[PDB]
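For reference, the structure is listed below as structure tokens.
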Amino acid sequence: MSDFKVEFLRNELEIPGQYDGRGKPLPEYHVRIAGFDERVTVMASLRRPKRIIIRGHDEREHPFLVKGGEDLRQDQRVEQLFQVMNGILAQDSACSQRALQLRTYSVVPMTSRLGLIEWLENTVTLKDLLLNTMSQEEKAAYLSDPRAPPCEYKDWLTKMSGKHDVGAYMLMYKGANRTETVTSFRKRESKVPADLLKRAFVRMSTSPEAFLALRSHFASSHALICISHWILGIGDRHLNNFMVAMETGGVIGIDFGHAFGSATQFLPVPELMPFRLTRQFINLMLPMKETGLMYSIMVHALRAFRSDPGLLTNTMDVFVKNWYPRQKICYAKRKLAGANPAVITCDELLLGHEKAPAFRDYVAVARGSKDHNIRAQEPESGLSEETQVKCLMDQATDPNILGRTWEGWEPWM
Amino acid sequence: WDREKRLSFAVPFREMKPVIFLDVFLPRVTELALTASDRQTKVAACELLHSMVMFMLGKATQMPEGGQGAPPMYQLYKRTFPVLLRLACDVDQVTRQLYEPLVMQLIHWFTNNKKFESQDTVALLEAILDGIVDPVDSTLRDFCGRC
Amino acid sequence: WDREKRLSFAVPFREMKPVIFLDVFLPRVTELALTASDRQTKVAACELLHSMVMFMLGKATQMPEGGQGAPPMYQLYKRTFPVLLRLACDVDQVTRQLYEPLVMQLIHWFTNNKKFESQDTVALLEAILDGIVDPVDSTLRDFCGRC
Amino acid sequence: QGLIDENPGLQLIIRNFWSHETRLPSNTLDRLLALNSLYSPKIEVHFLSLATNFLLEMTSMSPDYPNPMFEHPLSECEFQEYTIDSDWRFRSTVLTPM
Ligand SMILES: Nc1ncnc2c1ncn2[C@@H]1O[C@H](COP(=O)(O)OP(=O)(O)O)[C@@H](O)[C@H]1O
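Protein chains in written order, with full-length UniProt numbering: chain Z, 3687 to 4007, 4037 to 4128; chain R, 886 to 1032; chain A, 886 to 1032; chain H, 2508 to 2605.
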């Protein structure tokens, strides 16, 4: 890598992944590899990727987040599905009025164990943004405060009969009444600062004329990404895994190390969160409320998706290569046709692990109490988009199912 | 145009000293400077922007932040330099005489030995180059060349 | 102590803004600071000199002159640093607590990346070394060593 | 003559007298011309200090007085505040290893 010099007897290498099929290439324009700088940096996460900086034909750089060890083919395919997804959104008039567009980024699977991912320039990590905005005083309230777990959580495991750090969740679901867990969750969420993103944006926008726009745009982006992910892109919504574009306010999906189903089949980290609608996002639309812009845009999006299902359903047959795919696609088509998201998540659990001593209590958690969770009332199948979305909302933001979620998947942000 | 608001001015009243952030003025002042119609407005705007860019330079040398990241006022420079450029070699003789010398002076400063290395000069050079490549502003080409 | 009078202060009255040259105070203020008898005078002088050296640093960073000869306030530094030093590790506990940290802070600043190369750091190092070699001020040796 | 009186209390009281607005004028030049009148032979040995104190304490109510002298710090370093003990004690007074 150090000594790349453009030379004859060597076919010039064009920058990986610079083709998008919206038209004939004009293949001369593409920037081609021209040596690349030092100062590779790591990204500080498990399976440490690093960040190459390729400079090419044009002296403008092109950071590409080299990453290995994973069968990135998964990421490639899922990104392609967002591509078709974004198409289907655009081709409608109702949705396009509001110019909804998921943001895709080039995924270029280089081999079985390597593939570049174009760094999105001028963007920051959602938890990076959050932590960045918080006052240096309260910064200690996440780094280390008397409630040593970010808010009391790891300690509260002990209070819920869970002794060790890993797997102790496997016990709490036994004696977790709808109250003490919920009350605890209220508390821990409360301690976390409020008006976070609001502060970030207020810092961002020039004049209050702009805050409303940027807020609408952030809300729309996060909303659309969330719903599209519920279609398929489930799982692993670590606050590292949502990027926010400092420049323009978009929320861009990031990692897909677990696609649909891959979230919850993987037992040691059981997950019952379909969306990410944790507190700071609610508090953003402060005077309004969830079921404000976000729920409406949910309704619109989901109504769009189901218009011609085959375009997206009968597109994720790329899993040609029992068969796990032959059934995860079935769950997908079930949800698109309309199933109580509680039901689909319950089925996901039922297939997920029937050998654990919790799947009774896991299923019970998923369903939610009939008294105070609007998900449990709906029929298992045959749902109208209004109902589908609303049920899914409650399933996402339910304090109970939220509160007992995995550490790391920081449910308070 | 900037995360945090530099260009802190202290409009010097008598009984007190309030602070007015000149950066919020700038994105609209510049648009006036390039494309205003009423020439009195345009020349006034140009003279304001000259003053204001001079203030940028000044507040730069009163470095509040010596690197360890993006240099301060770099983010401002990136979007004020193309303004300064294509506003030079505009076709108002007054503006031309006012800004062509300043662009020359800026180019001069940004290869003075002190901070010859800084990303600010990187940006200004990048601006001049994207000034050469300018597709439509035909006359901008020549001034960028001289630059 | 300096050909031309830096340390320009603008004692901020209301009806006007006169300029008072703090450098003329300094050669006598420092002598007070080291060797005053009445301890109220001495501590007051020490606190003045702390303020005044801080002002030196400040007026330095508002560089009016970027080299091309003797750096400005170098001539001042040469004769204020030995003062600052041997006035640290004096035997008044108040002065000690006031200036030992400042000398540490000065040493810290004068190997910050920005102007790590400057003759100012050369001078300060030369001062510390001539502080080691100090014949009579026995305790000065130790502080100079720590420095 | 009182402006030098032995008791610090009356010192402050008489000085505050002579610095109230209607006694010595409030702008600078009118002050500087006034202080020449604030002199007597006996107030001499202090008259310099007294003039300086008057002038500067009128500086004291000008708008730049609390405005920090230099706009920016010289780094990102965190700044704390510490008080100095100063409890009627000097440095060579407590024997070493107790
Ligand atoms: N598209 C992108 N552009 C820039 N940086 C990114 C991008 N995607 C991820 N990152 C960085 O990658 C880190 C996450 O790594 P990720 O891709 O999630 O793999 P893993 O699942 O192993 O963390 C984030 O902290 C973020 O800083």
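All C-beta atoms in this analysis are idealised placements derived from N, C-alpha and C, irrespective of residue type, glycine included.
Check	Outcome
Whether residue 3881 of chain Z touches residue 3969 of chain Z by CB criterion (8 angstroms)	yes
Check whether residue 3758 of chain Z and residue 3793 of chain Z have beta carbons under 8 angstroms apart	yes
Nearest neighbour of residue 3719 of chain Z, chosen from Z:3707, Z:3732 and Z:3702 [CA to CA]	Z:3702
Euclidean distance between Cα positions of residue 910 of chain A and residue 2571 of chain H	22 angstroms
Nonlocal neighbours in the same chain, by C-beta distance under 8 angstroms from residue 1025 of chain R, ignoring five residues either side	970, 971, 974, 1016 and 1019
Best match in H:2596, H:2601 and H:2603 for proximity to residue 978 of chain A [C-alpha to C-alpha]	H:2596
One or two residues paired with residue 3800 of chain Z in a DSSP bridge	Z:3754 and Z:3797
Where the beta strand (DSSP E) through residue 3749 of chain Z begins and ends	3747-3749
beta-carbon residue 3811 of chain Z near ligand 1 non-hydrogen atom, thresh 7 angstroms	yes
Where residue 4129 of chain Z falls: helix, strand or coil (DSSP)	This structure cannot speak to residue 4129 of chain Z, because chain Z is shown only from 3687 to 4128.
Beta-carbon proximity list for residue 3935 of chain Z, same chain, < 6 angstroms, skipping 5 on both sides	3900, 3903 and 3904
Min CB distance residue 888 of chain R to chain Z below 8 angstroms	yes
Unbroken beta strand (DSSP E) run spanning residue 3937 of chain Z, endpoints	3937-3939
Burial state of residue 2537 of chain H, where buried means 16 or more other Cβ atoms lie within 10 Å	exposed
CB contact below 8 angstroms: residue 909 of chain R versus chain Z	yes
Chain R contacts made by the stretch 929-950 of chain A, where a contact means CB separation under 9 angstroms	946, 947 and 948
DSSP three-state assignment for residue 905 of chain R, whether helix, strand or coil	strand
Coil, strand or helix - residue 976 of chain A by DSSP	coil
8 angstroms Cβ cutoff, residue 902 of chain A in contact with chain R	no
CB contact below 8 angstroms: residue 2534 of chain H versus chain R	no
Proximity test, residue 3805 of chain Z beta-carbon vs ligand 1 heavy atom, cut-off 7 angstroms	yes
Host alpha helix (DSSP H) of residue 940 of chain R (start-end)	924-946
Proximity test, residue 3731 of chain Z beta-carbon vs ligand 1 heavy atom, cut-off 7 angstroms	yes
Sheet register partners of residue 3929 of chain Z (DSSP bridge)	Z:3811 and Z:3938
Span separating the alpha-carbon of residue 954 of chain R from that of residue 2584 of chain H	15 angstroms
For residue 3700 of chain Z, the residue or residues it bridges with in DSSP	Z:3718
Which listed residue (R:947, R:901 and R:932) has its alpha carbon closest to that of residue 893 of chain R	R:947
Residues of the stretch 2575-2591 of chain H with Cβ closer than 9 angstroms to any Cβ of chain R, in chain order	2577, 2578, 2579, 2580, 2581, 2582 and 2583
Burial state of residue 3912 of chain Z (16 or more Cβ within 10 Å)	buried
Beta carbon of residue 1005 of chain R nearer than 8 angstroms to that of residue 967 of chain R	no
Length of the line joining the Cα atoms of residue 3873 of chain Z and residue 3837 of chain Z	9 angstroms
The stretch 3852-3868 of chain Z / the stretch 3921-3929 of chain Z touching (three or more Cβ pairs under 8 angstroms)	no
Environment of residue 998 of chain R [buried if 16+ CB atoms lie within 10 Å]	exposed
Contact with chain H by residue 976 of chain A, beta-carbon distance below 8 angstroms	yes
Own chain residues within Cβ distance below 8 angstroms of residue 3791 of chain Z, not counting five before or after	3765, 3803, 3804, 3806 and 3938
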